[PDB]
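Form solved without the ligand, single chain, as structure tokens, below.
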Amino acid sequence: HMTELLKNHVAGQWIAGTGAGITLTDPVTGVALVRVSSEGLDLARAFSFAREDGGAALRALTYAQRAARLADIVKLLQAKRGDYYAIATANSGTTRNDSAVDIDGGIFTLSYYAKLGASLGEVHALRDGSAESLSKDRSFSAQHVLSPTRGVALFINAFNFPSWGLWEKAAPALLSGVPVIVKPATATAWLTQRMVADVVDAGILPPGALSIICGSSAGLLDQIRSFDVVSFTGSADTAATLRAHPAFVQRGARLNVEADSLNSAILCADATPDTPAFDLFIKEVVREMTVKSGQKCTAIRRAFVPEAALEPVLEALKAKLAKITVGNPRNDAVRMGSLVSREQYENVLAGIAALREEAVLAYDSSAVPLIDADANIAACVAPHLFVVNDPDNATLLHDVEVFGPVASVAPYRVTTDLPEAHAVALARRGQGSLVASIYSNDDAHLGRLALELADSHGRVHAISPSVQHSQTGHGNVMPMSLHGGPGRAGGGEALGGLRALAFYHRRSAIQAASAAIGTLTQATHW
């Protein structure tokens, strides 16, 4: 008959959507995999069962009891990784090492929060800061506290990280006692739904704590109320429709947005072709263009290098990109797989054609035949490297994101009265980004330059020879560090270790006699 129709888990029950559903397909082979549908679901019940039953059940447990359930989920996901790697190969067309960024990235992030959470103790509220006297005699004092929000957390997640986007958000939400409703992007929804089905089947979390809807998003935001939270990852276009909905404009629900981000990499003036730091730069650029076919939100899109260094840069990138083979990830000779879908492949080819009108194409290996795949079926795109000689006057470099294995290089004028001042200005023209990386032989220089980029980048990632062996990667998101960025990148904050708990809590100043603050404090932790 037809491929499997994945059920939704809502109000404590597995429920199928009506109709024919939307088919997910293998972006390499064109094979139909599974279908999704949310048609006819009772969204009022889905949200009320989560918010009431789900939230009460979670709030009755302490942080440490919730953290122990996260640890149990870690052991479950780890035991089923073989099933996960099989879905990733078919649904996303990624190499095994690239599938690991999503699978094992998600599982590592969940484990981090399970360990952090065990330290929060057997309490139901947390202390923010210490107590402060409000009187000369200290008879009357103030203590701030954090309490779980009496709402649900709705995650609208991007197609690139069906696993990591689930767990990076769900770990702090569930540790904070807040029930989760996840809505993965349709094209790659399968891994998200299987991971949720696995956890729900195991009965680790209370009923109502974890729900999933796949298919149309129609009607979800209409269920959002003032004590709920929403975390959206997607396009800047979509983000502006979302922001205008009454849930936020009239009802004031908290919202996090992650959106388009034209991340930068800056080769410092001292890192000339003869020094160790030059090759670190070449290597990282090619890495971020090619991991998942450049489908990380954090991937380098703009690379800025001294005028003098432009030729040697273009030559070194050409030579490294040449080693990147493209095709079917089932073949071990393949270095880089497909984009997530043929639809995205069209977006990316359109993006390349619009950039070509203002830039020169320095590298493009599109004529090379794919390994074990047909270019007229598969969503494979070859790396493309553009050159923009006049970035001050460029119309498209700083504005148009191409969500593929594509990047533009541009020279900057060395300031030799920071030497990297013009590069700092150019990175800013991206109007606000998740991350910038910076490359130098000089560790002390990196500190100064980093502060110059800090007010327009959520993370600044500095690479130099003393950390060639230890630096954690431009595009890789360590969960103990902030993830998000200002401006175009959306104005959002996630992760950052303990920092992530605040989005899910309500903060309150308690002002009382000192013995009352003492008793409050006995019921809390930090």
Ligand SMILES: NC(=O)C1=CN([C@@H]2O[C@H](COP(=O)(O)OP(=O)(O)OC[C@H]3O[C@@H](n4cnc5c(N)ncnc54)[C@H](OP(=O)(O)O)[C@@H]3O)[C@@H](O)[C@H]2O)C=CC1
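The numbering used is simple: start at 1 and walk along the sequence shown.
Omitted from view is the form solved in complex with the ligand, to which the following refers.
- The stretch from 69 to 77, 195 to 203, 375 to 383, 154 to 162 that comes within 4.5 Å of the ligand in the deposited complex, counting heavy atoms only, is 154 to 162.
- When contacts are judged by a 4.5 Å heavy atom cut-off, residue 260 counts as touching the ligand in the deposited complex.
- The shortest heavy atom separation between residue 254 and the ligand in the deposited complex exceeds 4.5 Å.
- Under a 4.5 angstroms non-hydrogen atom cutoff, the ligand in the deposited complex has residue 403 among its neighbouring residues.
- Using a 4.5 angstroms threshold between heavy atoms, residue 186 counts as touching the ligand in the deposited complex.
- With the partner omitted here, the residue from 331, 139, 217, 415 that has a non-hydrogen atom within 4.5 angstroms of the ligand in the deposited complex is 217.
- When the ligand is considered in the deposited complex, only one residue from 389, 325, 235, 275 comes within 4.5 Å through any heavy atom, namely 235.
- Scanning 241 to 277 for heavy atoms within 4.5 Å of the ligand in the deposited complex gives 241, 242, 260 in sequence order.
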